[PDB]
């Protein structure tokens, strides 16, 4: 009978690809359907290019794709409309914000799978060691704590120790980190939901300058090459006081044999001052049936299974990834394993989105502009003032007649 083929997640990022393949095989065994898993590169923007090869070809060789929250507006022509396959009651079990994000010109492109928000990981043993009782609330405090703990850990002999790691590589992850920096300085959303390109302002410029000031000082010089896993591996070996990353890193850090197990917490990222808004960039993935799938019925069944309560629960318990069903955030087993899901739920709900709705099918070009201009500041090629002006001009060209 049919072979249902799935491309989504990567075995290069934590346990996501291995776990996704396991869930697909479980569905296959449950329903007596043959399945195949096709691996993907680590970085979301590389995945988009890979999947676009299949879509350009109208290829029937993948039935189900795991698609980034930033993609519906780009990928909608390649998605089977799921709306007729779900009842209104079924759809209401997901956060309405994500269902709305996934709906493009009335087409439900994809089912919400897991959400995501940028958070601050911090070594609580080290905060205590150095006389701090709370994680930092402001970027200035983060800097002061990092300098002090670094001075001490280096003096004690850990020459590998850094104050802060984050995603500074030129790719989509840096758009995520940079939106957090800019927004948390009161510098706006880069492109506002109304279309206004707002990034050329002194608060956004300050945010980028500040981040440059970390590189080679509290963060490794090589941070300008780090994606999620490069940052996580410095952190997880016990060599960083702080890390900006997504929820998945938590379960990995708690695993048996992790050097940092039991030694860290998570909190909202810092901000410039008490009246700036908190910033956590909205992430996460959705489940799309290919418009080119020869087996829509079976592929829809698989996507419903993957998005189900018990598969999302398993994702939360084992991989510390955030459900897209509000009912899971009150589940006793989810909460006992991840108590921070409760503490940060409002951070997750107030996550700031990248400008994917407003940029639509042009979002990838906009983000490339953002990450290359931000990167030119991290590398020291440009100051923030010049980079936000140059970025404004680039985005104006991209979106001109959008």
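Positions refer to the first chain, counted from 1.
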query	finding
Given 137-145 and 217-225, the range whose Cα B-factors average higher in the PDB entry	137-145
Mean Cα B-factor comparison, 280-288 or 255-263, giving the higher one as deposited	255-263
Highest-ranked of 78, 129, 203, 332 once sorted by CA temperature factor in the record	129
Per the PDB entry, maximal CA B factor within 313, 212, 189, 124	124
Residue 45 by Cα B-factor - lowest, middle or highest third of the modelled chain	lowest
Residue 58 CA temperature factor, ranked by third within the chain	middle
Chain thirds of CA B-factor: placement of residue 106	highest
Third assignment of residue 232 from its chain's C-alpha B-factors	middle
Residue 307, C-alpha B-factor rank within chain (lowest, middle or highest third)	middle
